[PDB]
């Protein structure tokens, strides 16, 4: 397909949002789309419904089942294992014939033609991530990356959010990025205090040697970090956790994104159509 997106979802709530993410992508593009799923975390009901979504929204899809290598340090916490699947196996999850894939979070709402990210220049980087917003000034106390360890490590480089990222698989394979990320993760994870945010900390840690193309800030907006004024420019939205309010996930979705209920109700209408 012209646009290839992968995502990971574990739980009924994240599968419900994953269907919404997919409908939002297809409402904003006429280019061909293929969705790739990390199979082992999904429910039987989701896997049964995905051909119905595919036929209604007009996309292709594929399930990838990749076993965690025995040598590689395992993660006992399911959340951390799922983070490992986002970042450690980018060279082995997809076929050698696929040249590019984008990770889009299951809780995202897309408001752009995702082919614009496929066409974005990476200047030789094997992947691109958006930076964490600095625009919501009242949240500065929670930007852990602006002081301590990260401020000294980064030397003014951005601390990137891992909700969305484009992977040029040809370049990623040319650089042996997959083998190098697995080895650094294995060494660093011997310390259980390292890589607190595994999927996010690992590429940010490796960005002096596995380059990151810093994407336009508009590629990823999250209310927690980003101003209300920049929402209108946002290409995609992440429903990231707000450590100050601790607002529930579905409340954030309905309150922030006016079209969320429309996609949710449309997918539920498709489900009642297939059921009868």
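Positions refer to the first chain, counted from 1.
Q: Can you tell me whether 248-256 has a higher mean C-alpha B factor than 14-22 in this record, or the other way round?
A: The entry gives the higher C-alpha B-factor average to 248-256.
Q: If you average the CA temperature factors over each stretch, which comes out higher, 186-194 or 109-117?
A: Comparing 186-194 with 109-117, the higher mean C-alpha B-factor belongs to 186-194.
Q: Out of 131, 126, 141, 203, which one has a C-alpha B factor higher than all the others in the entry?
A: Reading the PDB entry, the winner on C-alpha B-factor is 141.
Q: Reading the B-factor column of the entry, which of 28, 34, 232, 52 has the highest value at its C-alpha atom?
A: Result of the comparison over 28, 34, 232, 52: 52.
Q: By the recorded C-alpha temperature factor, relative to the other modelled residues in its chain, which third is residue 78 in?
A: CA B-factor rank for residue 78: highest third.
Q: Determine, from the deposited record, the chain-internal third of the Cα B-factor for residue 103: lowest, middle or highest.
A: It falls in the bottom third of the chain.
Q: What third of its chain, lowest, middle or highest, does the C-alpha temperature factor of residue 157 fall into?
A: As the PDB entry reports it, the C-alpha B-factor of residue 157 lands in the middle third of its chain.
Q: What third of the chain, by the recorded C-alpha B-factor, contains residue 176?
A: For residue 176, whose C-alpha B-factor we compare with every modelled residue in the chain, the answer is the lowest third.
Q: Sorting the chain's CA B-factors, does residue 45 end up in the lowest, middle or highest third?
A: Its C-alpha B-factor belongs to the middle third of this chain's values.
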